[PDB]
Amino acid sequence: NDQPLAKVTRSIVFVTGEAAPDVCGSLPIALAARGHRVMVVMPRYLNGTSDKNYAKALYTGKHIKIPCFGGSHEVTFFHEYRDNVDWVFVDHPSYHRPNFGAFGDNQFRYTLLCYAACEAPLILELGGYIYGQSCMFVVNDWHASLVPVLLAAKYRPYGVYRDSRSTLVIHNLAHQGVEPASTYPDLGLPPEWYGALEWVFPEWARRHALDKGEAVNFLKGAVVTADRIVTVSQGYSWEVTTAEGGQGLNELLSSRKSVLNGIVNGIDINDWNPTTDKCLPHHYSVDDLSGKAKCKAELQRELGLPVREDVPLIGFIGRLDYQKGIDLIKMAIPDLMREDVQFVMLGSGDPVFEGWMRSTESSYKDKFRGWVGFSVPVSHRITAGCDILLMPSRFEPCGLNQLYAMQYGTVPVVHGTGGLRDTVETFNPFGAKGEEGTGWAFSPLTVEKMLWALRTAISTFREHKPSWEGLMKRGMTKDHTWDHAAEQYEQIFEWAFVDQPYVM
């Protein structure tokens, strides 16, 4: 096939608390497709023996006994090969419960997960041979955060796993896997390792008169011991990161500045391509943009807007959630309709805000449209029809709207930092080889900064069409596939392998 392969194929072990496919969870499948040997280790969250969801995940005949939590606990391994990925399931009674979610014994459950994941590459003879000890472990969030500690504490000091590295992937900073320090001995690690998991809360965060504020912090433990770190917080300001995860964690992260990278995602270009999109009235490409103008006209018509080519048309799309930046838009609208623009937002999931969409539309009956509900066909047409797409997300680990916008020559305006390494590089008409960038990223997340950026983009749209055309063409020519994404992670792993295991 035409499927691109990787220079250096590797053995890669994903560890995760999530259940098996997933919108942003195709990384494993993509890597596998590039010739890597790819394992994903997860809990078997079983719903009865004959649960259809695990019907094809067969028992491997392998079990281990994990010494921890005042005793010795056994897990077993189930396995399925699917999409060139080894899906390995860790089985214990405590996973059989109607996901994450919130239970007193979580710390225990995910401790099991982590010990198990360290054994799998050493004992499972998948397709006849084990994965062995030159693995890249990709551990996701706090659920898998003890893995890099185990490698460093239990294996490497004895000559095991010295040629393996680990990458911590951080989708959020809210849930750090925190429990009281009195639980440290339950983890079955040696005493000297306490410092890696040790976490003391500042005095203003104490909870009762005698609270010493002493804890263990899974995520913190990984941040301290992982080799590379891929984090949501990369494309955001100090202030935002501090608000999401606390100042303590933020300083810790920035203390490991040299090994940080942002999350990189891909999109399905069979679904998202302006040249073939079945959902669009007209098709277009980077070479011929005439079709996009027709889409806009056809979109204004569908929405009942004045059919004006010259007016800036702006889109928002997604769930009516707090995290999506909903309330910012609510506040900026009035100041925004002072200008000659049209604004359509499509989304659903909040009757009071939905109600607000309706009244707003009524107040600005020639400028604002609120499409309440969802519709993938309508979202495709909005993406194609609009000139600008607005993503005021607070802390987005899975920012796909950018990519769709860019893929479609729709210029994104998004909350965040806009450096060259960022998913949206802020527009800058100056530089060796003139104009650069793909849209506008603004920070911090404020009604003022947002409107400023909107106005900045709107001006560019009206007064410098030739510059605008460049912003679009740059977006559309970018590679937003998973191959491109996997290529990035591949680079990262190479850096990890080339360097010494961080924790010496």
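Start at 1 and count along the sequence shown; that's the residue number.
- Per the record, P98 and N99 are separated by 4 to 9 deposited residues that have no coordinates.
- According to the PDB record, 335-343 carries the higher mean C-alpha B-factor of the two stretches 237-245 and 335-343.
- Once the C-alpha B-factors are averaged per stretch, 345-353 and 370-378 rank with 345-353 first.
- In this structure the maximum Cα B-factor among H175, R256, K324, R207 is found at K324.
- The PDB entry assigns its highest CA temperature factor, among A102, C118, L305, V200, to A102.
- Looking at the C-alpha B-factors along this chain, the one for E80 belongs to the lowest third.
- When the CA B factors of the chain's modelled residues are split into thirds, the value for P43 lands in the lowest one.
- Among the modelled residues of its chain, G437 has a C-alpha B-factor that falls in the highest third according to the deposited record.
- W272: CA B factor lies in the middle third for its chain, per the PDB record.
- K473: CA B factor lies in the highest third for its chain, per the PDB record.
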